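**Q** Dropping in the first section of the assembly, placed as in the complex:
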Amino acid sequence: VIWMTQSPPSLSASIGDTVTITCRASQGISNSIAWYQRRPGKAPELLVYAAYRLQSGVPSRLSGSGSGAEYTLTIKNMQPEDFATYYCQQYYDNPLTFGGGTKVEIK
């Protein structure tokens, strides 16, 4: 089993700020990790695959990075829809495991 941690569990911010989240795995996966976010009262939605690729609908201000066992996701600007939760998901070894997650809220 491969474990990971995400911090802080929750944070307070406002529109127009800059924040970054990090997911630290227990082993050197080197590239196999995805990210997800979920709106309250709605099913989650995906963010990044392999720590670099994006998808449709996600704004251009979303981008991930990392290597080895240290991975991060960067959000260049805050918007009203950013006040939600985020998570990291590894797929390097089975079984699949999720990270501690994080939360965002208005100050």
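**A** Thanks, I have the structure now. Numbers count the residues shown, from 1 in each chain, chains lettered A, B, ... in the order given.
**Q** which stretches of chain A form strands?
**A** Assigned strands in chain A, in chain order: A:4-7, A:11-13, A:19-25, A:33-38, A:44-48, A:62-67, A:70-75, A:85-90, A:97-98, A:102-106 (criterion: DSSP state E).
**Q** Export those to a markdown table and append columns for distance to residue A:54 and mean neighbour count.
**A** Yep, even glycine has a C-beta here, placed from its N, CA and C like the rest. Converted to a markdown table, those look like this (distance: least, Cβ to Cβ, whole Å; neighbours: other Cβ atoms under 10 Å):
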| stretch | distance to residue A:54 | mean neighbour count |
| --- | --- | --- |
| strand A:4-7 | 20 | 16 |
| strand A:11-13 | 22 | 14 |
| strand A:19-25 | 16 | 19 |
| strand A:33-38 | 10 | 20 |
| strand A:44-48 | 6 | 17 |
| strand A:62-67 | 6 | 17 |
| strand A:70-75 | 11 | 19 |
| strand A:85-90 | 14 | 22 |
| strand A:97-98 | 20 | 16 |
| strand A:102-106 | 19 | 16 |
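**Q** The ones you listed into CSV, with extra columns for distance to residue A:55?
**A** Formatted as CSV, the strands of chain A follow (distance: least, Cβ to Cβ, whole Å):
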stretch, distance to residue A:55
strand A:4-7, 21
strand A:11-13, 24
strand A:19-25, 18
strand A:33-38, 10
strand A:44-48, 6
strand A:62-67, 10
strand A:70-75, 14
strand A:85-90, 14
strand A:97-98, 19
strand A:102-106, 20
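**Q** so which of these comes closest to residue A:56?
**A** Nearest to residue A:56 among these is strand A:44-48 (10.3 Å), distances taken as Cβ to Cβ.
**Q** can you list contacts of that closest one?
**A** A:34-39, A:54-55, A:58, A:62-64, A:73, A:86-87 (Cβ atoms under 8 Å, 6 or more residues apart in numbering).
**Q** ditto for stretch A:66-77
**A** A:16-31, A:33, A:35, A:47-48, A:51, A:61-65, A:82, A:86, A:88.
**Q** The following sequence is to be added as chain B:
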Amino acid sequence: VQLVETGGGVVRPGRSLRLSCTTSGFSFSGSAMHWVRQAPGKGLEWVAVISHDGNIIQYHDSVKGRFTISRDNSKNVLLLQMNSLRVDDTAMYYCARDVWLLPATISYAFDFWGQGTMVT
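**A** Adding chain B to what we have so far:
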């Protein structure tokens, strides 16, 4: 694209339960499928995976053997079964569709979900 889960409900520990998830709005025959679990107020935790063809299956160590997964394209439904649920098994469940990259590959991830079904 949307998925619908059914078969949940409040059940005491020490018995079996059967549940399934129907699929629509996409090529279910040409895409793999996932199953995820989420305890009340806790994080997400994977359950199983079934390929588009169904010849390869993987499970979580906490649910290996105790749970089973099966699919059927003729009725675009994903069927699951298990036995003797415990108190810790109380959690929210969903059927997730794998990220589509290539027909001959399984991303071991997911991009679409369903409404979900609760079991306690």
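**Q** what do you get for the contacts of strand A:44-48 once chain B is counted?
**A** Contacts to strand A:44-48, defined as Cβ atoms under 8 Å, 6 or more residues apart in numbering or on different chains, come from residues A:34-39, A:54-55, A:58, A:62-64, A:73, A:86-87, B:44, B:99, B:109-111, B:113.
**Q** Alongside chain A, which residues does chain B contribute?
**A** Within chain B, the positions near chain A by Cβ under 8 Å from any Cβ of the partner chain are B:43-46, B:58-62, B:94, B:99, B:107-111, B:113-116.
**Q** Now the buried members of the residues you listed.
**A** Among the residues of chain B next to chain A, those classed as buried by 16 or more other Cβ atoms under 10 Å in any protein chain shown are B:44-46, B:58-60, B:94, B:99, B:107-111, B:113-114, B:116.
**Q** Please narrow those residues to those residing in strands.
**A** Among those, the residues falling in strands (DSSP E) are B:44, B:45, B:46, B:58, B:59, B:94.
**Q** Spatially nearest residue to the fourth one, not counting backbone neighbours?
**A** Using Cβ to Cβ, 6 or more residues apart in numbering or on different chains and skipping the chain neighbours, the partner closest in space to residue B:58 is residue B:49 (5.1 Å).
**Q** phi, psi of the one you found?
**A** Per-residue torsions, residue B:49: phi -150, psi 140 (degrees, to the nearest 10).
**Q** My guess is it contacts residue B:35. True?
**A** Yes: the criterion here is Cβ atoms under 8 Å, and residue B:49 meets it with residue B:35 at 7.4 Å.
**Q** Identify the contacts common to the two.
**A** residue B:69.
**Q** now the residue most central in space within chain B, which residues is it bridged with?
**A** Nearest to the geometric centre of chain B sits residue B:35, at 2.6 Å (Cα atoms, centre = their mean). Residue B:35 forms beta bridges with residue B:48, residue B:95, as assigned by DSSP bridges.
**Q** Okay, it and residue A:12: tell me how far apart.
**A** For residue B:35, the distance to residue A:12 equals 35 Å [Cβ to Cβ, to the nearest Å].
**Q** Look up the closest residue to residue A:52, ignoring the ones flanking it.
**A** Closest to residue A:52 by Cβ to Cβ, 6+ apart is residue A:64, at 6.0 Å.
**Q** Spit out the contact partners of that neighbour.
**A** A:35, A:47, A:48, A:51, A:52, A:71, A:72, A:73, A:74.
**Q** and chain C on top of that:
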Amino acid sequence: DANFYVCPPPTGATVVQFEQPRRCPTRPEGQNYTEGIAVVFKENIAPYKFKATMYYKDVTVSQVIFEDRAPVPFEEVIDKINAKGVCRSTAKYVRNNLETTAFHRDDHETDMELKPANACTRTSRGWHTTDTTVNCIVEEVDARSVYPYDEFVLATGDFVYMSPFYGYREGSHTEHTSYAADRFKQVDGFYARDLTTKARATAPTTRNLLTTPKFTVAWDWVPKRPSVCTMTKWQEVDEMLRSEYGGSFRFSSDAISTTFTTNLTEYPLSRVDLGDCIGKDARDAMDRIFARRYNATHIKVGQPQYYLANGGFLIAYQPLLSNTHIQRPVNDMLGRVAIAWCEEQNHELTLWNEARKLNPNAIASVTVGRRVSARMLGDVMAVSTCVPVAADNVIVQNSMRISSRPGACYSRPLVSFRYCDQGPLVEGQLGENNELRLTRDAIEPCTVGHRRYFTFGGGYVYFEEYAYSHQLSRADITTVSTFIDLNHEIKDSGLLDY
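**A** Putting chain C together with the chains above:
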């Protein structure tokens, strides 16, 4: 080009076969494609080894007989050889369908001390007593065991139907044995006295003792040696395409590279976890190539896949996807050329078959990559490395015209040499390609008109009328081209007026 060599007949300890025909991937692709990193594995088949020891005795009778080896009882090994380094004179053996006892030079019972039998350390040490008569011999021969580690064979070539891990000390492979328990013993606290100096070992050890009707053997014992990976990382390919056709996936790399074919089904070794080391090495190699060449070029998807491709190759594949013209024909030409090479080599394999029957020495040596001895033991070839000797310790006899048999004398030069510079000299015959035969048997009805050459060191040795004349350097003889590059001088007429 090379020094002299002496090649004794192989004992059959190691047997080799041909690679057999290989299936060529006739079609040079052209259908749908997919990309991904690849690394191929294959049967490790590493055989276990242990420098065991052999103990036996020679028996003979002074009748103007029926000599054969005899084993050494366990009590004699641990008492006379292990303590005093001596052997018993009396030994029983069947003589004309009935048991009979021998003696040391028809004398009374005596203890004969063991001494080295090589005369100079050119191979394993080995020991003996004397150069009715009885002789006790001990040798530290080498051994090999097949991959399952269920059976082993010694340098003498006699198979031992018993696993090297056999032992009642702890839980081991003690169930594999075809011999009776009376033929085996495990000596604990063995101090392994050496016959070279009789100085005893450094610490006690548990030594297994077994003895077949032909001899006695022994070697240090351990519970088990399971530290071995089933497969071995053969090659790491940077780019390998995954094509689909004919109901069997095709994994091809650069045009001249070898293409693999599988059943399309994922092998269960990785998911079963029995190939944990294989996955670890494969995963490391996969991440190594990705970070080395495709951080920003492609994106890894899924997890590595495993397949038991044709020919036994276990291919580990990892699909990739791109983040984003004169090579088209030439690739088809090179691919067709590669297939022609595979088909041509497949035909050449047949020629190699009769070549080995005609001359196993040269053929077996070039195939393995070094001067090696070999002889065909039926449809399977035997192999054993040769011992080298310097040129200074070799000298050709003045003439092969053996006077003992007028009109029929040796055809090749007779040679005298010594294994070691300070060791004793020996006599033999000069074979082909600087091969020093240990025996002289090339008789031929020698007749007038003889004039020949023979390979000797870097140059040649001339002969005429069966008598040495002088040496001749390599450049003293005209050379011809027995080849054809990717891109002559011969003359003179015969003497018709003889």
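**Q** and the contacts of residue A:64, now that chain C is part of it?
**A** By Cβ under 8 Å, 6+ apart, the neighbours of residue A:64 are A:35, A:47, A:48, A:51, A:52, A:71, A:72, A:73, A:74.
**Q** go again using 6 Å as the cut-off
**A** Counting by Cβ atoms under 6 Å, 6 or more residues apart in numbering or on different chains, residue A:64 touches A:48, A:51, A:52, A:73.
**Q** and residue 87, what are its bridge partners?
**A** Looking at chain A here, since you left the chain open. Going by DSSP bridges, residue A:87 forms beta bridges with residue A:36.
**Q** Oops, wrong one, chain C.
**A** Residue C:87 has the following beta-bridge partners by DSSP bridges: residue C:112.
**Q** Also the one 4 residues further on?
**A** The residues paired with residue C:91 through beta bridges, assigned by DSSP bridges, are residue C:102.
**Q** tell me how far the ends of stretch B:50-60 are from each other?
**A** The straight-line separation of the ends of stretch B:50-60 (Cα to Cα, to the nearest Å) is 13 Å.
**Q** Assess the claim that the residue nearest to the centre of chain B and residue B:48 are in contact.
**A** Yes: here residue B:35 lies in contact with residue B:48, judged by Cβ atoms under 6 Å, at a distance of 4.7 Å.
**Q** which residue does the stretch 1-150 of chain C bring closest to chain B?
**A** For the stretch 1-150 of chain C, the residue closest to chain B is residue C:34, as judged by Cβ to the nearest Cβ, at 6.3 Å.
**Q** what does stretch B:43-57 contact?
**A** With Cβ under 6 Å, 6+ apart as the contact definition, stretch B:43-57 has outside contacts at A:96, A:98, A:101, B:30-38, B:58-60, B:63, B:69, B:71, B:106, C:266.
**Q** Got a quick ChimeraX command for the buried subset of these?
**A** Remark: buried members of the contacts of stretch B:43-57, expressed as a ChimeraX selection using 16+ other Cβ under 10 Å:
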select /A:96,98,101 /B:31,32,33,34,35,36,37,38,58,59,60,63,69,71,106 /C:266
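**Q** Next one: the nearest residue to residue A:35 once chain neighbours are set aside relative to chain C, how far apart?
**A** Leaving out its chain neighbours, the residue that sits closest to residue A:35 by Cβ to Cβ, 6+ apart is residue A:47, at 3.9 Å. Using Cβ to the nearest Cβ, to the nearest Å, one gets 15 Å for the distance from residue A:47 to chain C.
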